[PDB]
Amino acid sequence: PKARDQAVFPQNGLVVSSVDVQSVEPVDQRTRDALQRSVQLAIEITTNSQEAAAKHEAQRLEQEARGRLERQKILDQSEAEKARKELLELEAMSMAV
Amino acid sequence: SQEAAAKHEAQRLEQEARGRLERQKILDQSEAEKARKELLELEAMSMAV
Amino acid sequence: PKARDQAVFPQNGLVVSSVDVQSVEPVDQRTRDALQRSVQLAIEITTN
């Protein structure tokens, strides 16, 4: 015998019931306002997604972790310079020959 | 969560613990430099030959 | 027996129901305004 906000159901050997409470003038409007605002943020992130960023920034954050190392990437260069150095002395070694 | 962050920040906190070591990551580099040094003296050793 | 914002459907052995709430003077206009604004940003990114 459900009746508006009165959900009852006395089963053959079990009793089911449920009743809830909602809305209050000041908070009702504030609740609705909240709901409509979340849509805004959604559109906002959607716009940024339409532009580009996304994967690019993902890679940024990932690499910044490596950045905290001590500019990780510069290390990659130091060894590269080493390789360049190898060639320099080689140009001299071949010139020595 | 929709933007990104998440895993990225998780890794941050985890690594910061290692950071408190004394910039853990720099140590990883010092040894790497050692390896680079090994090559330098090798370029000199091979040049010595 | 649907009746405006009163969707009910007592199946042979199941009860279906649904009712919703929408619009409030200040926020209704603000909602509509939001909807029309998203189109602007769309045109903006389109121009670029």
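Here, every reference points to the structure presented above.
Residues numbered from 1 in each chain as written, not as in the entry; some residues may be left out. Chains lettered and ligands numbered in written order. Part of a larger assembly, values for the part shown. Heavy atoms only, no water. Residues with missing side-chain atoms left out of burial classes, pairs and counts.

As a further point, take the overall build of chain C. A tally of helices and strands in chain C yields one helix and two strands. For chain C, the N- to C-terminal ordering of α and β elements is β-β-α. Seen through its principal axes, chain C has C-alpha atoms that stretch 55 × 25 × 10 Å. (Helix = DSSP H or I, 4+ residues; strand = E, 2+ residues; numbered from the N terminus.)

In this section: the overall build of chain B. Scanning chain B for helices and strands turns up two helices and zero strands. Principal-axis analysis of the C-alpha atoms gives chain B an extent of 60 × 25 × 10 Å.

It is worth spelling out the pairing of strand β2 (residues 14–18) of chain C at this point. All names here are of chain C. Across five bridges, the pairing between strand β1 (residues 7–11) and β2 is antiparallel. Across the sheet, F9 pairs through a bridge with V16, a residue of β2. Hairpin connection from β1 to β2: two residues lie between these consecutive antiparallel strands. (Pairing = 2+ DSSP bridges.)

Looking now at the pairing of strand β2 (residues 14–18) of chain A. All names here are of chain A. Two strands pair when backbone bridges link them, and strand β1 (residues 7–11) and β2 are joined in this way by five bridges, in the antiparallel orientation. If you follow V8 over to β2, its bridge partner there is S17. Hairpin connection, β1 to β2: the antiparallel pair is bridged by two residues.

If you check the backbone angles, A:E70 has positive phi at about 150° while not being a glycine. Locating A:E70 in the fold gives a position in the loop between α2 (55–67) and α3 (72–96). A positive phi is found at B:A5, a non-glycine position, where the angle reads about 35°. Looking at the secondary structure, you find B:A5 in the segment before α1 (7–19).

Turning our attention to helix α1 (residues 25–51) of chain A. Between its first and last C-alpha, α1(A) extends 40 Å over 27 residues, near the 39 Å set by a 1.5 Å rise per residue. Two residues or fewer past α1(A), A:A53 is found with a positive phi of approximately 35°. (Expected span 1.5 Å × (residues − 1).)

This paragraph deals with the arrangement of the chains. No interface is formed between chain A and chain C, the nearest pair of C-alpha atoms being 7 Å apart. Spatially, chain B and chain C are disjoint, and the shortest separation between their C-alpha atoms is 19 Å. (Contact = heavy atoms within 4.5 Å.)

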